[PDB]
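In structure tokens, one chain follows: the form solved without 5-fluorouracil (URF).
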């Protein structure tokens, strides 16, 4: 098996069980997994390829736990730039009706490229529209070319505007079709073993877009098949009122009532989750995908992340779809989580290591994976390296780790995913990025005009 040695990192951040931060640290990789982590004599190890990381910080690859990568074709749509969750959706649904399988394939690559160059090695997605013959398969095809570790969610909507829901009737599907497609996707694509590069989750989009019947059946199938469940929960005030008006419950009560609690569940946003819901999630092991830029750009609110963490809730990080961020920058999202918790809850609400922990270990937890998220023997060989001698970080070498969260670094210098060196000296190796960006912009023009 192919061996790879990364040697002489200025700081090697492990996020391991001792949270070791090794000066001069070295990483030895074999195949897709880590052999050993340390300094000293391990740096003298021969290997099939050695890469010198002097002047760089190495961290575990960041883990993105919420996205809508198809929306990277529709950033800053003029009619959608100003306004809240509902109304924003109302202006964007008509544009998304034009999506083709090619747009799904290319936009998965574009969004994934932006995430990979900003430090991310594992991401989920939440594709929930399937017009014009689009399939989750098209997104999987693109994810396979670019080499990122992928948790593909079969998103869905069934309750159109005629039935008391939000999406237009054209963009929703029949619930039996959804369940059959979900089962097909699991059987064809879900790899449940260690170091898997592709897993499937089931993800009805939100309580205002799907029936409770589909929520229960989806959960039943996921438990039967051994896969996770994902949805939007308590994103803003309208979300909370809709659930109170239509179902007589808080979003947390509604989730538990449907079986959507447990370590195989993770909810996006949870901005308006109440103290009772936080305790419920803590005791059931239910996960949260925190999306701070989205929560700001849509004026959703400040999620009570510090309160969730203090009760033992599992919190990961997500950029959300690029029509509500509108960036796809993972390390910048980690910075935002620190800044927003501090402005919301005080100077002790979130430091650099706590935010980075959410962005790594927290993401592994909410995706229900124990093989990513930190660097130790037997873990997946997923990590990135930032050049510390850039202008962006000048004067911040007093703490190379905090520098990534308190400053605004550029792209990663190196990225390793599943043992593959996918980024080399700032250059994405697995696709022709200028060509994909070029195609992406042509398709985006086609989609909107």
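Here, rigid core means the biggest group of C-alpha atoms that superpose within 1.5 Å across both forms. Positions refer to the first chain, counted from 1.
There is another form of this protein, the form deposited with 5-fluorouracil (URF) bound, and it is not shown here; the text below is about that form.
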Check your understanding: Closest heavy atom of residue 128 to 5-fluorouracil (URF) in the bound PDB entry, within 4.5 Å or not?
Key -> yes
Review point. Does 5-fluorouracil (URF) get within 4.5 angstroms of any non-hydrogen atom of residue 56 in the bound PDB entry?
Key: no
Exercise for review: Mark residue 320 yes when one of its heavy atoms lies within 4.5 Å of a heavy atom of 5-fluorouracil (URF) in the bound PDB entry, and no otherwise.
Suggested key: yes
**Study point:** Partner contact for residue 298 in the bound PDB entry: 5-fluorouracil (URF), 4.5 angstroms, heavy atom
**Key:** yes
Study note, to complete from the structure: With the partner omitted here, the residue among 324, 314, 334, 218 that in the bound PDB entry has a heavy atom within 4.5 Å of 5-fluorouracil (URF) is 324
Practice item. Name the single residue among 88, 189, 195, 242 that comes within 4.5 Å of 5-fluorouracil (URF) in the bound PDB entry, judging by heavy atoms. Key: 88
Review point. Of these, 27-35, 63-71, 48-56, 380-388, which stretch puts a heavy atom within 4.5 angstroms of 5-fluorouracil (URF) in the bound PDB entry?
Key: 63-71
Point to revise | Sequence-ordered list of residues in 232-257 near 5-fluorouracil (URF) in the bound PDB entry, where near means a heavy atom within 4.5 Å | key: 232, 235
**Study point:** Identity of the moved residue from 226, 164, 94, 133, C-alpha shift 2 angstroms or more, core fit between this form and the one not shown
**Key:** 164
Check your understanding: Once the two forms are fit on the core, has residue 84 moved its CA by at least 2 Å between this form and the one not shown?
Key -> yes
